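Listed below, chain by chain, are the residues.
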Amino acid sequence: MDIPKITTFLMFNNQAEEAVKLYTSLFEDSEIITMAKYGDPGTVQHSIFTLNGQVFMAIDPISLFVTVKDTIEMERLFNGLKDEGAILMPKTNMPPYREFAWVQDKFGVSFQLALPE
């Protein structure tokens with residue numbers, strides 16, 4: 001269950017269980033490894049799935065979800081990407097993460113920065 005440093009992260013309306021079901025079914029070496037719904041209820045809070053043995057995540061724009069090594073990795077990527085960027089959410093201690101941030105960079109790509117601890 002080892003997730004890449006950078007995971008493509010798909011966010012849906014309330015369509016994640018279907019989207020996942022759809023892609024999992026088409027692509028070959030693929031499998032739902034984790035789904036957690038909300039207690040909007042019945043919606044996906046957290047999914048980790050495979051497509052050709054590659055790890056994706058979905059919940060509920062189509063961001064990059066970065067698992068950070070350190071407080072210091074966080075600092076660097078945060079400050080690097082935040083330039084002329086939007087901060088969707090700033091550095092925040094957010095269980096189950098030591099820290100988490102959400103930045104759109106100047107060109108428009110969303111990065112989620114997640115420090116596990």
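Definitions and limits used
Residues numbered from 1 in each chain as written, not as in the entry; some residues may be left out. Heavy atoms only, no water. Residues with missing side-chain atoms left out of burial classes, pairs and counts. Salt bridge = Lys/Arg side-chain N within 4 Å of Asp/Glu carboxyl O. Helix = DSSP H or I, 4+ residues; strand = E, 2+ residues; numbered from the N terminus. Pairing = 2+ DSSP bridges. Axes fitted to C-alpha atoms, helices over the stretch in contact; angles between N-to-C directions. Contact = heavy atoms within 4.5 Å.

- As stated in the entry header, the method of structure determination is X-ray crystallography and the reported resolution is 2.60 Å.

## Let's talk about the pattern of salt bridges
So, step 1. Under the criterion given, the structure shown has 3 salt bridges.
So, step 2. Close ionic contact of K91 with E75 constitutes a salt bridge, the shortest N to O distance being 3.5 Å. One end of the pair, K91, is in strand β6 (residues 86-94); the other, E75, is in helix α2 (residues 71-82), with 16 residues separating them in the sequence.

## Let's talk about the sheet that holds strand β2 (residues 31-37)
So, step 1. An order of β2-β3-β4-β1-β5-β8-β7-β6 is seen for the 8 strands of this open sheet, with the pairing classed as mixed. Bordering the open sheet on either side are β2 and β6, each of which pairs with just one other strand. Mean inter-strand twist for the sheet, computed between neighbouring axes without regard to direction, equals 20 degrees.
So, step 2. Looking at chain direction, strand β1 (residues 6-11) and strand β4 (residues 54-59) are connected through 4 bridges and run parallel. Residue pairing across strands places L10 opposite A58, the latter belonging to β4.
So, step 3. In this fold helix α1 (residues 16-26) packs onto β1, β2, β3 (44-51) and β4, with an angle of close to 5 degrees to the strand it touches most, β3.

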